[PDB]
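The structure appears right after this line, and notes come after that.
Ideal geometry is used to build each Cβ from the backbone, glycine not excepted, and the neighbour counts take in all protein chains shown. Numbers and lists here come from the model and the stated rules, or from a named source; these are not laboratory values.
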Amino acid sequence: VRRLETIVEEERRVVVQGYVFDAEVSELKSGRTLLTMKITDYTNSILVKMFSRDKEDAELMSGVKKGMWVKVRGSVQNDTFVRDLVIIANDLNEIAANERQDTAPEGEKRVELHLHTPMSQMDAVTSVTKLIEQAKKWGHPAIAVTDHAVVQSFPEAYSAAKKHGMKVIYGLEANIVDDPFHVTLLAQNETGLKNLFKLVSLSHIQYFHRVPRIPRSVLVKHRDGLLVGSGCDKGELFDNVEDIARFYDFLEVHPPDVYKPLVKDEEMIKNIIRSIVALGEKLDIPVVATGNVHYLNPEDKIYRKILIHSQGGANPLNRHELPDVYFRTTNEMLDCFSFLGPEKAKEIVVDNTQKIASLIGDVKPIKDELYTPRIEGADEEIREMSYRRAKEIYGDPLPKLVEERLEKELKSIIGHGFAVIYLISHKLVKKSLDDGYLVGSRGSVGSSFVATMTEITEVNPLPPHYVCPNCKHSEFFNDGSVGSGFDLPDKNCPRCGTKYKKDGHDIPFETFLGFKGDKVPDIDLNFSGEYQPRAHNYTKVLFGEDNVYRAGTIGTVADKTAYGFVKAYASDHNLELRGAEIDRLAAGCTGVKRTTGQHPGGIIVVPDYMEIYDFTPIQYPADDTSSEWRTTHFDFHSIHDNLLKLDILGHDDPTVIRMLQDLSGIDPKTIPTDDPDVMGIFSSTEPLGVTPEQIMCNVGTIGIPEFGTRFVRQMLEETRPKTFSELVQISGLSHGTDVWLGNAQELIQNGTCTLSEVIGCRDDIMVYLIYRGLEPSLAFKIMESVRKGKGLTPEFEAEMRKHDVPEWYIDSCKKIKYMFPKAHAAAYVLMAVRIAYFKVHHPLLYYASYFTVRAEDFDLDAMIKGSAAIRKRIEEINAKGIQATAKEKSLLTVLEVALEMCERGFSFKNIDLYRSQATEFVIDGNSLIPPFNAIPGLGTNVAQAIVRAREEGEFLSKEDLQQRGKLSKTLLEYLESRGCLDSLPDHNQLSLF
DNA sequence: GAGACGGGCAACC
DNA sequence: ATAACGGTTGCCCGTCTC
Ligand SMILES: Nc1nc2c(ncn2[C@H]2C[C@H](O)[C@@H](COP(=O)(O)OP(=O)(O)OP(=O)(O)O)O2)c(=O)[nH]1
Ligand SMILES: [Mn+2]
Ligand SMILES: [Mn+2]
Ligand SMILES: [Mn+2]
Ligand SMILES: [Zn+2]
């Protein structure tokens with residue numbers, strides 16, 4: 001039975017063992033089945049192949065799963081396609097994992113009080129879940145989490161705690177300075193927990209030096225509910241007579257192996273530990289044998305070695321070798337300390353360890369309920385705001401329909417505590433417009449007519465209808481025959497004679513708040529990217545400085561980074577590893593925390609009767625002490641259910657269409673949603689006056705948000721939508737894995753249902769299930785499950801069958817990995833059609849706005865040369881297929897629209913010293929003049945400088961241009977070589993003040 | 001050795 | 001071409017320059 005690291009050449013016959021971390025099965029022309037596994041025994045890894053000799057073995061083959069352990073007998077061969085050695089197995093048997101066992105008697109078990117999770121930045125490696133589970137298996141009555149300077153594992157620890165019925169001790173290894181050493185803080189109770197959240201806050205904010213730290217006095221102020229331990233060899237006392245020590249509730253000692261970095265010798269460690277045993281007995285302080293865990297098993301050590309190594313000589317823990325700091329069993333812990341004799345061993349490994357655990361109560365680090373803000377007037381204001389606005393549109397008294405929608409909507413929004421955020425959202429939007437920036441609608445608030453009446457969304461969710469902007473007469477349609485009011489033919493009010501308005505997308509309110517009202521949604525707004533910061537800052541003014549926080553993110557190592565680390569470590573160490581072994585080393589590094597950052601726009605709101613520390617510590621993103629905002633230490637996900645979020649997001653749509661308006665004078669609200677020439681671009685190139693061959697595309701949506709994509713254009717080719725609601729159906733199925741491909745598309749092509757019967761937004765699932773007779777709350781629960789790609793539970797299936805839901809519909813729900821709410825789809829389409837209006841009727845305005853706002857990757861020389869030059873660049877990139885770099889893909893996207901622009905008759909001029917702007921493509925006759933910042937290397941800063949300079953006074957020489965325009969040599973040549981500078985002398989033979 | 005700039009990556013909607 | 005979810009903010013780190 002051979003260890004994998006000893007498999008080095010081709011060989012007729014080996015027996016080998018390992019954890020299978022990947023396994024796929026496939027059929028061969030012959031009818032034979034092939035099993036392809038990757039296994040590791042943790043000394044190395046290897047790919048295993050097996051060829052079935054009968055259908056019995058073939059299906060057994062399908063039973064081999066990730067997580068099994070397997071013994072394989074077979075031959076070692078060079079596989080020339082996979083480019084590695086590989087086992088061809090003739091024999092396979094599942095075996096027990098037979099893992100490290102904890103052999104001490106029940107109730108006589110150890111407790112781990114000093115332990116690191118992957119949240120100890122780049123420093124520990126085994127998830128807190130695995131660790132907690134291992135503890136349960138071993139029978140430990142408790143386990144502590146004590147990450148460096150942070151508590152970012154608390155949320156996962158709690159979950160695992162509840163799942164596994166394990167008692168977790170919520171801790172912190174902190175940096176203390178005297179007014180820089182390690183102490184262990186264990187929280188006994190909620191007072192202690194809150195103090196931890198406070199400490200981690202102050203250490204990251206008021207007291208961050210090069211590292212978060214806590215002055216000892218600040219610790220004392222916040223000590224209540226904490227037990228304090230002396231911790232590592234980087235601890236205060238280990239680093240040396242007695243007063244220092246009496247400061248602690250328990251005294252830490254690590255297995256001698258842990259201290260092996262060396263002090264003078266190995267005998268000194270053994271004595272020092274004794275000097276600490278002596279100290280603790282003398283002072284009646286419990287002495288505890290803690291392990292300083294950084295990973296589960298002894299061999300998991302390599303993953304840590306790889307991470308740390310990635311940080312260069314800029315770490316100085318690469319100086320010496322790394323200690324064995326895996327999770328030690330109670331019996332093996334006794335062994336490490338046998339040298340103190342059997343009574344002390346048992347005292348400090350178990351009795352005291354258990355005793356400390358027993359001084360710890362049952363703490364819940366994350367709350368169960370939602371805390372909702374209060375601001376006087378809010379409930380009442382939202383009520384009057386919406387009844388008044390509705391009445392002025394729909395008349396007094398209101399139509400029954402409208403009236404019932406308000407009554408039902410308001411009692412829910414108010415009762416579940418959402419009126420405040422509706423109102424704040426209204427104010428955010430209103431300030432943005434006053435400030436000159438329109439706002440794009442988004443997300444599920446559009447399901448709410450109250451949201452519509454409060455101008456928090458442009459989406460009107462009522463059934464399709466006509467309303468008169470004059471006399472205000474209505475006509476609604478519930479036949480369900482009409483998809484959205486936007487599809488209606490223009491029509492005049494059969495009363496006052498005046499031209500009808502059309503609206504209503506028939507969206508159920510419950511997509512937003514559900515039925516119990518026990519879901520916690522947010523409100524999503526698309527502010528322009530230019531403006532987003534300002535909307536953020538306005539919430540400080542509205543709620544008060546200390547009642548909002550930007551959601552913080554935790555940046556972990558994912559696949560691409562892990563592979564990078566592993567390869568570089570291989571390279572540096574002169575290892576040639578098999579593919580399979582690179583994979584598994586990579587997989588061992590993922591999940592480890594690397595940085596912190598900022599949620600892309602969510603502001604978390606603290607009710608005035610609570611405080612942030614009831615929920616999470618706070619800090620600076622990436623520890624930037626100059627940052628304008630403080631972030632939550634926990635991410636939004638961890639506290640999703642406790643506090644409302646305002647998704648104040650950034651987006652190009654609002655900026656693009658704002659510029660389209662500032663350039664044309666046209667009010668985008670007056671743009672028609674059934675202009676045949678505009679809607680034609682969603683299925684043809686006719687409206688654009690160009691040939692498909694001319695622009696390398698069969699439909700007219702190049703550059704249109706969402707619809708200009710290659711995947712989506714193809715969908716459009718085969719679905720040919722003309723209608724607003726048909727476009728809405730496409731929006732829905734063009735977003736999310738397994739919605740269209742291998743699902744809806746197959747269903748239409750099969751004949752099993754029509755394009756309009758396929759599941760195209762999460763709302764349709766709910767509405768259909770209600771129709772089919774299921775209980776609305778359950779129909780809602782099922783909708784929410786599938787749109788998060790959680791599939792269906794056995795109960796859901798049973799309820800569905802019981803009510804005659806066809807087997808294809810059930811199966812289609814199980815596939816969907818993600819899905820829009822209709823209100824998002826309608827918002828986005830509305831925006832897409834407005835822009836389209838410009839693409840058709842004001843082409844050059846459309847392109848100026850495109851290249852100014854959306855584009856960041858250019859081939860200017862190609863673009864200037866024109867059609868043929870662009871086409872050639874495009875073909876160069878097409879040739880690389882899916883092996884194109886993101887950057888090539890970003891480029892391709894913009895070139896596609898450039899070529900279209902040229903074909904439509906327009907063109908690009910060279911950079912122009914006196915007409916080029918800083919960041920905006922300007923219109924000149926039938927051309928765009930590119931801005932300075934389009935030049936590779938020339939960022940926004942210089943661009944603006946060049947413009948500022950020339951406004952101060954013309955350039956008098958290439959040299960004058962160079963100095964006052966702050967241009968590097970390289971960029972000066974860029975302009976030079978293109979003839980931009982020909983009209984100027986190199987330098988001036990005179991200069992005056 | 002400080003600061004602009006862009007690529008590559010991760011988180012999130 | 002194949003298969004294909006689209007679009008946004010933000011952080012780190014290497015490169016090039018003055
Ligand atoms: N294309 C795409 N769009 C997304 C994705 N996730 C979210 N969005 C867009 C569509 C969503 O309606 C909106 C996301 O906002 P949220 O995360 O707040 O979800 P939503 O509002 O749909 O549900 P909620 O009522 O808040 O639970 O932004 C995604 O994975 N792909
Ligand atoms: Mn330490
Ligand atoms: Mn430690
Ligand atoms: Mn939302
Ligand atoms: Zn009328």
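Scan segment A:844-862 for residues that are among the aromatic types (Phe, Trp, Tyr) and not in a helix (DSSP H, G or I) and jot them down.
First, pick out the residues of segment A:844-862 that are among the aromatic types (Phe, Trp, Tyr): A:846-847, A:850-851, A:858.
A:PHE858, the sole residue that qualifies.
Here are some residues: A:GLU693, A:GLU726. Which one is surrounded by fewer than 16 Cβ atoms within 10 Å (Cβ to Cβ) and part of a helix (DSSP H, G or I)?
A:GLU693
Please work out if A:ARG319 is part of a loop (DSSP other than H, G, I, E, B), away from DNA strand C (no atom under 16 Å from the Cβ), closer than 23 Å to A:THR353 by Cβ and among the charged types (D, E, K, R). Full working, then the answer.
Numbers: part of a loop (DSSP other than H, G, I, E, B): yes; away from DNA strand C (no atom under 16 Å from the Cβ): yes; closer than 23 Å to A:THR353 by Cβ: no; among the charged types (D, E, K, R): yes.
Answer is no for this residue.
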**Study point:** Filtered residues of segment A:509-520 (kept if within 16 Å of DNA strand B (Cβ to nearest atom) and either assigned by CATH to the domain that holds A:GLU784 or touching a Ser or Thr at 6+ places or on another chain (Cβ under 6 Å) (or both))
**Key:** A:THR511, A:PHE512
Practice item. Give just the number: which of (1) over 30 Å from A:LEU340 (Cα atoms); (2) within 16 Å of ligand 3 (Cβ to nearest atom); (3) not in a loop (DSSP other than H, G, I, E, B) does A:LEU199 not satisfy? Key: (2)
Point to revise | Of all residues in segment A:424-451 being out of contact with any strand residue (DSSP E or B) (no Cβ under 9 Å at 6 or more places or on another chain) and among the hydroxyl-bearing types (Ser, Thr, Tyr), the one that is farthest from DNA strand C (Cβ to nearest atom) | key: A:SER448
Point to revise | Scope segment A:823-866; condition under 24 Å from the mean Cα position of the chain (by Cα) and of a type outside the set (A, V, I, L, M); matching residues | key: A:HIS824, A:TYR828, A:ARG854, A:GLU856
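Scan A:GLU252, A:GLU299 and give me the residue that is assigned by CATH to the domain that holds A:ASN175, within 16 Å of ligand 2 (Cβ to nearest atom) and not in a loop (DSSP other than H, G, I, E, B).
Details: A:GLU299 fails: within 16 Å of ligand 2 (Cβ to nearest atom).
Checking each option against the conditions leaves just A:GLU252.
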Study note, to complete from the structure: Those strands (runs of 3 or more DSSP E) completely within segment A:1-85 that have 2 or more residues that are outside the structural domain of A:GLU581 (by CATH) and of a type in the set (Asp, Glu) are A:11-27
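What is the residue count in segment A:442-483 for residues that are within 16 Å of ligand 5 (Cβ to nearest atom) and part of a loop (DSSP other than H, G, I, E, B)? Steps first, answer last, please.
Taking segment A:442-483 and keeping what is within 16 Å of ligand 5 (Cβ to nearest atom), we get A:465-476.
If we keep only those that are part of a loop (DSSP other than H, G, I, E, B) too, we end up with A:468-473.
So the answer is 6.
Please enumerate the residues belonging to segment A:500-512 that are within 16 Å of ligand 4 (Cβ to nearest atom) and either of a type outside the set (A, V, I, L, M) or farther than 15 Å from A:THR452 by Cα (or both). Don't jump to the end; show me each part of the working.
Let us first name the residues in segment A:500-512 that are within 16 Å of ligand 4 (Cβ to nearest atom), namely A:507-512.
Scanning segment A:500-512 gives A:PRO508, A:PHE509, A:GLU510, A:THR511, A:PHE512.
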Review point. For segment A:613-636, does any single residue satisfy the condition of being surrounded by fewer than 21 Cβ atoms within 10 Å (Cβ to Cβ) and within 16 Å of ligand 4 (Cβ to nearest atom)?
Key: yes
Exercise for review: Name the single residue, out of those in segment A:198-213 being surrounded by fewer than 24 Cβ atoms within 10 Å (Cβ to Cβ) and closer than 24 Å to A:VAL293 by Cα, that is nearest to ligand 4 (Cβ to nearest atom).
Suggested key: A:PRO212
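Let's see how each residue does on (1) among the hydroxyl-bearing types (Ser, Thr, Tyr); (2) under 23 Å from A:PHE486 (Cα atoms):
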{"site": "A:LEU660", "(1), (2)": "no, yes"}
{"site": "A:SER664", "(1), (2)": "yes, no"}
{"site": "A:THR670", "(1), (2)": "yes, yes"}
{"site": "A:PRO676", "(1), (2)": "no, yes"}
{"site": "A:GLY689", "(1), (2)": "no, no"}
{"site": "A:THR701", "(1), (2)": "yes, yes"}
{"site": "A:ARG713", "(1), (2)": "no, yes"}
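Residue-wise test of (1) surrounded by fewer than 20 Cβ atoms within 10 Å (Cβ to Cβ); (2) in a helix (DSSP H, G or I); (3) assigned by CATH to the domain that holds A:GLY483.
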residue: A:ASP677; (1), (2), (3): yes, yes, no
residue: A:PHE711; (1), (2), (3): yes, yes, no
residue: A:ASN743; (1), (2), (3): no, yes, no
residue: A:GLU746; (1), (2), (3): yes, yes, no
residue: A:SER756; (1), (2), (3): yes, yes, no
residue: A:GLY760; (1), (2), (3): no, no, no
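Each row is one residue, and each column tells you yes or no for (1) hydrophobic (A, V, I, L, M, F, W, C); (2) under 30 Å from A:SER159 (Cβ atoms); (3) surrounded by fewer than 17 Cβ atoms within 10 Å (Cβ to Cβ).
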| site | (1), (2), (3) |
| --- | --- |
| A:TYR303 | no, yes, no |
| A:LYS355 | no, yes, yes |
| A:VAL363 | yes, yes, no |
| A:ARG374 | no, no, yes |
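Output the residues belonging to segment A:861-876 that are of a type in the set (A, V, I, L, M, F, W, C) and crowded, with 17+ Cβ neighbours inside 10 Å. Quick ask: steps written out before the conclusion?
Taking segment A:861-876 first, the residues of a type in the set (A, V, I, L, M, F, W, C) are A:862-864, A:868-870, A:874.
Correct list: A:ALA862, A:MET863, A:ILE864, A:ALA869, A:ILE870, A:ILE874.
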Check your understanding: Is there a residue in segment A:522-530 that is closer than 23 Å to A:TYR771 by Cα and either not small (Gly, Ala, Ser) or not assigned by CATH to the domain that holds A:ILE604 (or both)?
Key -> no
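So, A:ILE393, is that one outside the structural domain of A:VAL168 (by CATH), surrounded by 20 or more Cβ atoms within 10 Å (Cβ to Cβ) and either assigned to a helix (DSSP H, G or I) or within 16 Å of ligand 1 (Cβ to nearest atom) (or both) or not? Before you say what the answer is, go through the steps one by one.
Working: outside the structural domain of A:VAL168 (by CATH): yes; surrounded by 20 or more Cβ atoms within 10 Å (Cβ to Cβ): no; either assigned to a helix (DSSP H, G or I) or within 16 Å of ligand 1 (Cβ to nearest atom) (or both): yes.
The answer is no for A:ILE393.
Looking for whichever is assigned by CATH to the domain that holds A:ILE382, surrounded by fewer than 19 Cβ atoms within 10 Å (Cβ to Cβ) and of a type in the set (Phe, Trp, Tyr) here; the options are A:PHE418, A:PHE486, A:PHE477, A:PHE449. Which one fits?
Details: A:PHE418 fails: surrounded by fewer than 19 Cβ atoms within 10 Å (Cβ to Cβ); A:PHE486 fails: surrounded by fewer than 19 Cβ atoms within 10 Å (Cβ to Cβ); A:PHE449 fails: surrounded by fewer than 19 Cβ atoms within 10 Å (Cβ to Cβ).
After ruling out the rest, the residue left standing is A:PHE477.
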Practice item. Only residues that are in contact with a helix residue (DSSP H, G or I) (Cβ under 8 Å, 6 or more places away or on another chain) and under 19 Å from A:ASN743 (Cα atoms): list them for segment A:688-717, please. Key: A:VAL712, A:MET715, A:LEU716
Exercise for review: Would you mention how many residues in segment A:489-547 are more than 16 Å from ligand 1 (Cβ to nearest atom) and under 29 Å from A:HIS465 (Cα atoms)?
Suggested key: 17
Review point. Is it fair to say A:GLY497 is more than 21 Å from A:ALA451 (Cβ to Cβ), among the small types (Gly, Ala, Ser) and within 16 Å of ligand 5 (Cβ to nearest atom)?
Key: yes
Review point. When you go through A:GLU173, A:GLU156 one by one, which is the residue that is part of a strand (DSSP E or B) and away from ligand 4 (no atom under 16 Å from the Cβ)?
Key: A:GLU173
Exercise for review: Take the residues in segment A:816-860 that are β-branched (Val, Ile, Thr) and either out of contact with any helix residue (DSSP H, G or I) (no Cβ under 6 Å at 6 or more places or on another chain) or crowded, with 22+ Cβ neighbours inside 10 Å (or both), then tell me which one is farthest from A:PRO936 (Cα to Cα).
Suggested key: A:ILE816
Exercise for review: Please tell me if A:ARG210 is of a type outside the set (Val, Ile, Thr), within 30 Å of A:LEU322 (Cβ to Cβ), under 36 Å from the mean Cα position of the chain (by Cα) and more than 16 Å from ligand 5 (Cβ to nearest atom).
Suggested key: yes
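Kindly indicate whether any position in segment A:497-508 is more than 26 Å from A:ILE657 (Cβ to Cβ), over 34 Å from the mean Cα position of the chain (by Cα) and more than 16 Å from DNA strand B (Cβ to nearest atom). Full working, then the answer.
Of all residues in segment A:497-508, those more than 26 Å from A:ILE657 (Cβ to Cβ) come to A:497-498, A:508.
Retained after the next criterion (residues that are over 34 Å from the mean Cα position of the chain (by Cα)): A:497-498.
Then drop every residue that is not more than 16 Å from DNA strand B (Cβ to nearest atom), which leaves A:497-498.
Scanning segment A:497-508 turns up at least one residue that is more than 26 Å from A:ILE657 (Cβ to Cβ), over 34 Å from the mean Cα position of the chain (by Cα) and more than 16 Å from DNA strand B (Cβ to nearest atom).
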